[PDB]
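Following: one structure in structure tokens, then a few remarks.
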Amino acid sequence: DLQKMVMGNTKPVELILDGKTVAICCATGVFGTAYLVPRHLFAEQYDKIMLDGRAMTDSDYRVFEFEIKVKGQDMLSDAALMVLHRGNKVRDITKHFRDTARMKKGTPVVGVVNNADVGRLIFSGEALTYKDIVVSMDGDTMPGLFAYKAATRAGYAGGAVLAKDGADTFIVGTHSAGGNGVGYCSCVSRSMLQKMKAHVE
Numbered sequence: 004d005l006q007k008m009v010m011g012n013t014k015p016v017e018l019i020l021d022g023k024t025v026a027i028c029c030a031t032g033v034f035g036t037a038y039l040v041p042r043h044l045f046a047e048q049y050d051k052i053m054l055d056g057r058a059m060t061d062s063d064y065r066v067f068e069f070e071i072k073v074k075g076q077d078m079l080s081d082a083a084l085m086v087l088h089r090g091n092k093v094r095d096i097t098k099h100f101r102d103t104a105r106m107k108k109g110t111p112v113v114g115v116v117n118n119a120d121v122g123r124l125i126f127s128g129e130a131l132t133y134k135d136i137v138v139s140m141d142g143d144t145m146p147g148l149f150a151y152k153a154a155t156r157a158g159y160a161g162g163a164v165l166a167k168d169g170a171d172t173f174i175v176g177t178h179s180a181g182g183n184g185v186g187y188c189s190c191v192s193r194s195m196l197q198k199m200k201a202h203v204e
């Protein structure tokens, strides 16, 4: 049921630069008109942002960035929050996130995707462990992650990853990167979202 709720909140995103689609990804609605989106993408050259078929510009929303502490050093999370000033409301699923959730290595993981490339899709995999950071050969850093074995592709970023903790099923965060049969999602805590939800009111 949670998976269904999440798929219901997942929208396709197409970043356009001069009539050209320079990138695609997913946007996971978490409440009102707030959607978790890939930060590394919402920081490039765009003239139009297509959200579920709706053409927008940077003036139709606000992007909040989460700052997490990794071993005492404050780092920027790849999971950012795009809040549309106006639009159709999405279901509130913030209570499905966690703060002190534990994932048993090897347990079922589910990635929820919805983009212009593969359409509505689900990818399953097995939990590995948490990872403080995953730097790119270029210097880009993604902190507070959770690794898992799975077949992921570019454009999956933004989709939510679900895991299990005993009889509990919850949202770990949003897919950020992957390859070599292994993927990573940026962890998003329940508190992070609650405080952020209260801020936007």
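Under the working numbering, the first residue of the sequence shown is numbered 4, with each subsequent residue one higher. We treat Cβ as the ideally placed atom computed from N, Cα and C, and that holds for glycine.
| Query | Result |
| --- | --- |
| Whose C-alpha, out of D135, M145, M106, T97, is nearest the C-alpha of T36? | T97 |
| First and last residue of the beta strand (DSSP E) that includes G182? | 171-182 |
| Cα separation between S192 and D102? | 5 Å |
| On a Cα-Cα basis, can you pick out the residue from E47, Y38, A180, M59 that is closest to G114? | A180 |
| What does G161 pair with, by DSSP beta-bridge criteria? | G161 is not bridged to any residue. |
| Just confirm the distance between the C-beta atoms of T177 and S189, as a whole number of angstroms; I'd bet it's less than 8 Å. | 6 Å |
| Determine the burial state of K14: buried for a count of at least 16 other Cβ atoms within 10 Å of its Cβ, exposed for fewer. | buried |
| Is DSSP giving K200 helix, strand or coil here? | helix |
| Alpha carbon to alpha carbon, how far is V164 from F126? Give it in angstroms, no decimals. | 9 Å |
| Bridge partners for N118 per DSSP, in chain order? | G122 |
| Nearest to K167 by CA position, among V9, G109, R65, is which residue? | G109 |
| So is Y151 buried or exposed if we call it buried at 16+ other beta carbons inside 10 Å? | buried |
| What residue does the alpha helix (DSSP H) around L5 start on, and which one ends it? | 5-12 |
| Pick out whichever of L124, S62, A170, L79 has its Cα sitting closest to the Cα of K107. | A170 |
| Using 8 Å as the threshold, is the C-beta distance between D50 and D95 below it? | no |
| With distances taken from CA atoms, which of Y64, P146, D141, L5 is nearest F100? | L5 |
| Does the distance from the C-beta atom of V9 to that of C28 stay below 8 Å? | no |
| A104 lies in the beta strand (DSSP E); which residues open and close that run? | Note, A104: premise wrong, no beta strand (DSSP E); not H, not E. |
| Whole angstroms are fine: how far does the CA of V25 sit from the CA of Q48? | 9 Å |
| Looking at the strands, I want to know which residues DSSP matches up with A130. | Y151 |
| Less than 8 Å between C-beta atoms, sequence neighbours within five positions excluded: which residues of the same chain meet that for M78? | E70, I71, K72, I136, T144, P146, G147 |
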